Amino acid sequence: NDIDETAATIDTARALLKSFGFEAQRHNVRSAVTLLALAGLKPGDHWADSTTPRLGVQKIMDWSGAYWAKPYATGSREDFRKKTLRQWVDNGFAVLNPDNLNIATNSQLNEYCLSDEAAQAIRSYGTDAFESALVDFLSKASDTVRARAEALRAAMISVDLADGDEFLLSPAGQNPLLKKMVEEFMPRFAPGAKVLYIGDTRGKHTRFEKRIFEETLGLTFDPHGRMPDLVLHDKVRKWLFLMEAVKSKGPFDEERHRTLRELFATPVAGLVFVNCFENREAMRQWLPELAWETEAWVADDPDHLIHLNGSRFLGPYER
């Protein structure tokens, strides 16, 4: 599944729409292709590429058939209008009849576009600006949509990736450990580092700094590849910390170490591998599998590190 949620797909469009606080019927496939059409997006595009064209229901349907392999018959026109666009318009997500022509609000001649508020939020999806942009939209939405969006977030844990940049995770799995990796490990051992990748350990939600990876570091990825749970870039030391919130899937062992050394190979930054655990008790079962030339960190003894291997440790005694 996609490491990059700035990539526009039907699946991310549905996730985006759920995130805005819509009910299931306004974040299904029909509603997803409607958003992709109203945003002017095609496979390969990213949310930042979104535009705000004006479209009638037929053209939304044509756009879906052309680019998203979801053709619709003329008889689905009413569904688009009454089961997607109506609720969007009511919540100020879409604008009905932006040309402001003198036509009935229920007419299939109406065109639609995304509101300025929805658009600014949409364009920021998958980035550190999204949550702040969304506030502006939500302040104008229906009370129920606002309540739904608020409750989804209240039931998540919040991780401070940087000043003013909170990343939300479900409370499940090793997400509490991941929060500690960011909030306790980083300030101690890599303060000021930028989070270039973090992925929900139980969900599809990620942050992926594509441009920095590609333009700064010269790195590209399998869009559906496995990643370390957390990648930090310390630009003073020119290091990438590749870090794992070790779950049943296991640690950086010898194979993963080799694989990741290749994946993240660049002359712009050296690699530091850290396997993370909630405590040494949890680390026990993975101990024999940890790759040499890696570190280990346990959240309940956060000032310490366990180093598996090198010459840097073998200096002579200085009396």
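Each residue number is its position in the shown sequence, starting from 1.
As listed in the deposited structure, the average C-alpha B-factor of 80-88 and of 207-215 is greater for 80-88. Note on 306-314 vs 13-21: mean CA B-factor is higher in 13-21. For the set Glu293, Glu254, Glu278, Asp49, the PDB entry puts the maximum C-alpha B factor at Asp49.
Between the residues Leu152, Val145, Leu168, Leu178, it is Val145 that shows the highest Cα B-factor in the PDB record.
Among all modelled residues in its chain, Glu184 ranks in the middle third by Cα B-factor.
For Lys70, the recorded CA B-factor ranks within the highest third of the chain. Only modelled residues enter the ranking. Among all modelled residues in its chain, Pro191 ranks in the lowest third by Cα B-factor.
In the deposited entry, the Cα temperature factor of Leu138 sits in the top third of values across the chain's modelled residues. Compared with the other modelled residues of the chain, the Cα B-factor recorded for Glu244 ranks in the lowest third.
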